[PDB]
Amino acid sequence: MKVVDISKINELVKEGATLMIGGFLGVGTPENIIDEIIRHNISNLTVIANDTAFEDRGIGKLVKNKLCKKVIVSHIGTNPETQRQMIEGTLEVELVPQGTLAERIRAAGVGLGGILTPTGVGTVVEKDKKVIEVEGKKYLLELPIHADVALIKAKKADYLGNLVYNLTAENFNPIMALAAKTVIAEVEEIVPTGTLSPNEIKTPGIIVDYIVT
C-alpha cells in the first residue's frame, strides 16, 4: 500500500508546506510530482533543494508559477526568473554552500543538533551563525534543516519500497529521504523483492511512506 496515484499529492502536500525536493539541475528530480503540484496550484512553498534548475524544468517550474514563498538552495544562476523574483522581493532566497546544505539536511535525518564546518568562515555566510573554535580552527555552527515532505526521485523500488538510484541522479535524494517527516518517492520501475540486494539498496523501504508511478 505504499504505491498511490499521483492524484494523492493534494492530500499530502499542504499549502505553505516546507518541502525538500531532490535533484541536481533537474537530474534526479520528481518531475511528475512537480507537475501535479502545479496542476493543483499548491503554493506558498518553502522549497529546500540544491538549485531552482531551469525555467523550463523540475523545481524551476514551481518557481515560474510562483508557488514558492522561499527557497533554501545553494545555486540559482541557471534560472533567471528565480533571480528576478528574489530581487523584486517576492521570493526569499537563503543561499547555503552546497556541502553545508548536504550536511544540514543530513543532520536532521540522522538526529544531530548541528554540525561544525569551516566552509563559509570569513564570508557573508558567517552572518548570524555561532562560531566555534576547536583546537584553534574556527567553524560555523550549521543547524539541522527539517521539512514536512521530502519529494525524491529514484530509479527503482522493490515491493517493500527499498530504493536504488542511478549515477548522478542520486545527489540529494537519499539524504532528504531521511530528514522529512513524510517521504514521497517518484520512481521509474517497480521490481520484485529480491531484485535489489541488501548490499545495493541505498534507501530502506521503512522510511519511504508513499511511491508514485
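Note that residue numbering follows the sequence shown and begins at 1.
Trainee: Comparing 114 to 122 with 83 to 91, which stretch shows the greater average C-alpha B-factor in the deposited entry?
Mentor: For C-alpha atoms only, the mean B-factor is higher in 83 to 91.
Trainee: Taking the recorded C-alpha temperature factors, which stretch has the higher mean, 157 to 165 or 38 to 46?
Mentor: Looking at the recorded C-alpha B-factors, 38 to 46 comes out higher on average.
Trainee: What third of its chain, lowest, middle or highest, does the C-alpha temperature factor of residue 68 fall into?
Mentor: For residue 68, whose C-alpha B-factor we compare with every modelled residue in the chain, the answer is the highest third.
Trainee: Is the Cα B-factor recorded for residue 100 in the lowest, middle or highest third of its chain?
Mentor: Tercile = lowest for this residue's CA B-factor.
Trainee: Comparing against every modelled residue in the chain, figure out the third that the C-alpha B-factor of residue 109 lands in (lowest, middle or highest).
Mentor: It falls in the bottom third of the chain.
Trainee: Could you say whether, by C-alpha temperature factor, residue 208 belongs to the lowest, middle or highest third of its chain?
Mentor: Middle third of the chain for residue 208's C-alpha B-factor.
Trainee: Where does residue 201 sit by CA temperature factor within its chain: lowest, middle or highest third?
Mentor: For residue 201, the deposited C-alpha B-factor lands in the lowest third.
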